[PDB]
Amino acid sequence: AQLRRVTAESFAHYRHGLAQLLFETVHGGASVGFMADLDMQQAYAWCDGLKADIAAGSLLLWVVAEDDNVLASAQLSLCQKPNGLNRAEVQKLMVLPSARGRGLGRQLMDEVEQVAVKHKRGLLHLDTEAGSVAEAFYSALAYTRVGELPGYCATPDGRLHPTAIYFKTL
């Protein structure tokens, strides 16, 4: 199982594995953008909407994989505004339910942070469901908690919940 940065040219190889990861993460209960009715048709559409920012270089995408089998993934959105070059937003960090607790989340974030540094990004920020396993995760990775935004998004079943803002100065 290896970590690879995905390009526009290698995307096709991981597209299916990435849609299944999103699929299992959503139905595992996480708030990562979708509802309980997400099916593979919609996961594929999510994957296809990533292709252009990945080809344009503003969205970096990684996966931890066994060939085409994707066990986890992480993305970094490089801010492109003329006064925001010092920052980037971590998003879509996900690990198959069955492969959790084995350190994959952390192997991804360590890559993300090192590439962030190689792209002169002094600031990494993100938001994630308040009270979720993702909170203890970022905290363990020494990300600082800013606080919450109430009713930020709904859980896959409809319930409104807050998101919690975290950051890391690299």
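Residue positions are given as counts along the sequence shown, with the first one as 1.
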| Averaged over C-alpha atoms, is the B-factor higher for 23-31 or for 49-57 in this PDB entry? | 49-57
| task | Report the stretch with the higher mean CA temperature factor, choosing between 63-71 and 120-128 on the basis of the entry. | result | 63-71
| query | Per the PDB entry, which option out of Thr163, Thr169, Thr7, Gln2 has the greatest Cα B factor? | reply | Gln2
| task | Sorting the chain's modelled residues by C-alpha B-factor, tell me whether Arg15 ends up in the lowest, middle or highest third. | result | middle
| field | Third of chain Cα B-factors occupied by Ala134 | value | highest
| remark: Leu93: CA temperature factor from the record, placed by chain third, in the middle
